[PDB]
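For reference, the structure discussed in these notes is given below.
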Amino acid sequence: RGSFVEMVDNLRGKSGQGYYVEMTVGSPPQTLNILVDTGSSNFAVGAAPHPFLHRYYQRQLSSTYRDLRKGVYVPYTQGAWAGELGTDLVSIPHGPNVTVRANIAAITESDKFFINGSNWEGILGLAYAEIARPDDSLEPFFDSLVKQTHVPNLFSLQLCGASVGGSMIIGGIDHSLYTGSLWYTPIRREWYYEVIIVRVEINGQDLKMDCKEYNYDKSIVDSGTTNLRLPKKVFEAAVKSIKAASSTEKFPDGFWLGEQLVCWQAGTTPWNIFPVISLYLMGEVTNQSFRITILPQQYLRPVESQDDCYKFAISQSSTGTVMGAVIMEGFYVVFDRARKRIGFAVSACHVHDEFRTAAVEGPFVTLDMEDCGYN
Ligand SMILES: CC(C)CNC(=O)[C@H](C)NC[C@H](Cc1ccccc1)NC(=O)c1cc(C(=O)N[C@H](C)c2ccc(F)cc2)cc(N(C)S(C)(=O)=O)c1
């Protein structure tokens, strides 16, 4: 047992519909399951009945609730909600041993946001103030945590894929959650968790595109997004290469577009016929990079008997690269805000087989990496 042991295994997920942590709000206590989202910056909770919600926040029952008397609307790439701003006392029972007064958006209405059977009732936006709604004056939860307490300005995520689980370690790192070394990439700018991808490989074969393409118009680490999302040009090249590498079997075009599922008899999935995928990220030293490598076990996601049905979970984007659960489920990911960097190591819980494993390797030599970023 390490010092952060009480924060280990503090995440859950139902049928692969998002990773959530328990958060306790108000006085007396109201505990709710809250989606961990590194892709946004608002802390918001269901605050009225909804067909997909088992519980919700009841502000009338919280003595410590303070109304900010201001509405808020947050649209995501998927779904949207509207609500009312306030502040209240917040603790994470399997998180840090502190209690803070944080901004909280009470969700009163929503569209395609909550997910049937997911078992979560709110969202914890862990990114920076720049992308907070209504604006950057609304202090995000982690900012309040760091300002009000002595909790170090760092958190880390281990998302364990396939009911699923994992760990959110707040204020530090737990060594039981990874193997090998942690490799760090700079946070390019503090808004989203923006990174820079400098090279892409399918089964070790370079995709051979300008690195500007991989980061057009940004690349982000986003635990709230299921897929590995890629800019259109990059997605097209990637799929063409993955098909070529997996050519012993043929699949319909709709499979590669995520519109069609393919199922195998329970336990017989031919993982071996599908390629590994590597992303190279800018390192902490000049002209130095490293690479992270995922398996089909990460990018082919299981979907709801004696058949294992899978969705191809790499998809196209018009708003830059999104390194979502498909990436994060291979790795222990350290969000080192204090040092403006993100670390990756091989996850102790990542799904693999007897022939291949997810990997984090380096260093590599990559020139002109500062040119890869969109301006
Ligand atoms: C700055 C902000 C105003 C906006 N920020 C964003 O929209 C960023 C880019 N994404 C975070 C935003 C947060 C969110 C939306 C809706 C429900 C739950 C969470 N995510 C998406 O836009 C999004 C979600 C999802 C999603 O289904 N998420 C669930 C909860 C999930 C997460 C992790 C898992 F391992 C499994 C399931 C999917 C997408 N895609 C567009 S997709 C299909 O993965 O490519 C996009």
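Taking the deposited numbering, I'd label the letters of the sequence shown as residues 444 to 448, 1 to 157, 169 to 310, 315 to 385. Even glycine gets a Cβ: it sits at the ideal position worked out from N, Cα and C.
Report the option in the options whose CA atom is closest to the CA atom of residue i.
i: residue 283; options: 271, 256, 241, 35; result: 241
i: residue 16; options: 111, 226, 223, 116; result: 116
i: residue 43; options: 364, 78, 13; result: 78
i: residue 180; options: 350, 292, 7, 344; result: 344
i: residue 207; options: 285, 114, 27; result: 285
i: residue 211; options: 219, 189, 281; result: 281
i: residue 187; options: 385, 195, 144, 373; result: 373
i: residue 346; options: 195, 377, 379; result: 195
i: residue 247; options: 70, 296, 262, 329; result: 262
i: residue 183; options: 155, 197, 170, 193; result: 155
i: residue 143; options: 5, 260, 93; result: 93
Would residue i be called buried (16 or more neighbouring beta carbons within 10 Å of its own) or exposed?
i: residue 73; result: exposed
i: residue 348; result: exposed
i: residue 279; result: exposed
i: residue 253; result: exposed
i: residue 157; result: exposed
i: residue 205; result: buried
i: residue 230; result: buried
i: residue 75; result: exposed
i: residue 385; result: exposed
i: residue 250; result: exposed
i: residue 61; result: exposed
Can you tell me the Cβ-Cβ gap for residue i and residue j, rounded? I've got them flagged as a contact below 8 Å.
i: residue 341; j: residue 358; result: Not confirmed; about 10 Å, so no contact.
i: residue 317; j: residue 266; result: Not quite, the Cβ-Cβ distance comes to about 14 Å (not below 8 Å), so this is no contact.
i: residue 97; j: residue 82; result: 7 Å
i: residue 132; j: residue 12; result: Actually they do not touch by this definition, with Cβ atoms about 33 Å apart.
i: residue 243; j: residue 324; result: Between residue 324 and residue 243 the Cβ distance is about 12 Å, and since that is not below 8 Å, they are no contact.
i: residue 135; j: residue 67; result: Going by Cβ atoms, the distance from residue 135 to residue 67 rounds to 13 Å, so no, they are not a contact pair.
i: residue 172; j: residue 14; result: 6 Å
i: residue 85; j: residue 37; result: That pair is no contact at about 13 Å.
i: residue 122; j: residue 199; result: 6 Å
i: residue 336; j: residue 233; result: 6 Å
Sequence ranges, alpha helix (DSSP H) only - wholly within the segment 198 to 229, length at least 4: 217 to 220
Length at least 4, wholly inside the segment 237 to 293: the alpha helix (DSSP H) runs in chain order: 238 to 251, 259 to 262
Those runs of the beta strand (DSSP E) which lie wholly inside the segment 10 to 98 and span at least 3 residues: 15 to 20, 25 to 32, 38 to 41, 61 to 70, 75 to 86
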